[PDB]
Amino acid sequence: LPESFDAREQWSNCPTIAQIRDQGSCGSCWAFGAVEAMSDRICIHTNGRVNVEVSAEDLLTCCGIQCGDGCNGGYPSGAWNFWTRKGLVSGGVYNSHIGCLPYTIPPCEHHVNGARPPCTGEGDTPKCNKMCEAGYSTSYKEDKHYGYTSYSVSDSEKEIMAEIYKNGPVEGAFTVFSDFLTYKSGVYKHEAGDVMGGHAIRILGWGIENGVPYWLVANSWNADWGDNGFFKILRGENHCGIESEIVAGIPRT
């Protein structure tokens, strides 16, 4: 296995892999981490032939109790589970107007002095409407994209690495401390600050930066957070349980 890896280089024809989104003022990081990596994988699974942004709207509103409690938080493995069964329509970003269900919660500043509104506390969850936005060609039903299988990956570096290399990006989670919130670049290790909680993310590569091994990680706090919305985190010593909740799946053909 190579000394570093990027899903975006390895599968450059797939655009969603370089994309960064915004969950807004809603705790849908469980939903985002999932729908991001599904998009990457549908594309990867099809040599590019299929290129869908899978909807964060669909999963967040329509999943139910299995995924947890919506904008108040949720469970990744419920996400991929719902995907293998009820499956997931496409949906661009806020006012993208692409696919079936574009995401309907606005972008905001996540701990950064920008020009968009302040995010403020987890939004409330919207209802589930089994119908694509008006203008979209096919219906919700016909627009579903299915998972064939989903699974948890074990706490083993080499294993989480083999998975990203062979099947594309995965979903992870980790404890979040205050000192995280103002990350800018380099490799995040924890030193200071209080607990804030788990928070789900999409892992898309690994590498070494000045002696230090890392996971390359996409956050859903838009691109003016961190390193263009991405970040690196210590790899190897379960740092913040980053290696404890890897979940993944294979798209149906």
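In this text, residue numbers run from 1 along the sequence as written.
Legend: mean Cα B-factor per stretch from the PDB entry, 208-216 versus 32-40; the higher mean is in 208-216. For the pair 223-231 and 65-73, the mean B factor over Cα atoms is greater in 223-231. As recorded in the entry, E142 carries the highest CA temperature factor of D179, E142, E157, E163. When the C-alpha B factors of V50, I201, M196, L59 are read from the deposited coordinates, the top value falls at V50. Compared with the other modelled residues of the chain, the Cα B-factor recorded for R116 ranks in the middle third.
Looking at the C-alpha B-factors along this chain, the one for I246 belongs to the lowest third. For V153, the recorded CA temperature factor ranks within the lowest third of the chain's modelled residues.
When the modelled residues of the chain are ordered by their C-alpha B factor, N238 lands in the lowest third. Placement of the Cα temperature factor of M131 within the chain: highest third of the modelled residues, per the deposited record.
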